[PDB]
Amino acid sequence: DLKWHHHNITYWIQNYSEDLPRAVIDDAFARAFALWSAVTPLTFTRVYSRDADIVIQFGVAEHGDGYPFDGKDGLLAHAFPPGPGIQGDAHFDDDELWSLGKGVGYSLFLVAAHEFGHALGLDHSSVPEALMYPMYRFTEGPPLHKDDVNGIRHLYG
């Protein structure tokens, strides 16, 4: 689907990377969601249930959906567009080192914010400063660009 048809989105952290403490991973995901909820009518609530809209997984190689990861670097993560089942879900390649990004590894916060954009129905942007641009680059500044917000408002108002 192009967009979620309800506004109260739920998410389930199915498993964890050992790269970071669980509370840090939880917080990284919460911050990524808060980025999008500030600019949409959507809310994001954590649940402990397989019936969540956005199921979050860490995995390596072929991890059950026919879109395999590739070891260290290269592919970082992927997410399915809105809809039932696997649709909406977000998977992170645990052959990466997940971190807060400033030093070694990839920022789990930034990559999750990008993936959650796909999970809400956004495609890749052509603006290099936008969050939805198809290349990772670490930044400590505001991730959202006009294009990201215009993209998400087009879907959600």
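When you see a residue number, it is the position in the sequence shown, counting from 1.
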Higher average CA B factor in the deposited record is what I'm after, so tell me if that's 30-38 or 119-127. 119-127
Average Cα temperature factor in the PDB entry - higher stretch of 46-54, 105-113: 46-54
From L100, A61, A90, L97, which pick has the Cα B-factor that tops the rest in the entry? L100
In terms of the chain's CA B-factor thirds, is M135 lowest, middle or highest? highest
Quick tally, chain-level thirds of C-alpha B-factors: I13 sits in the lowest
State the tercile, meaning the lowest, middle or highest third, of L144 with respect to the CA B-factors recorded for its chain. middle
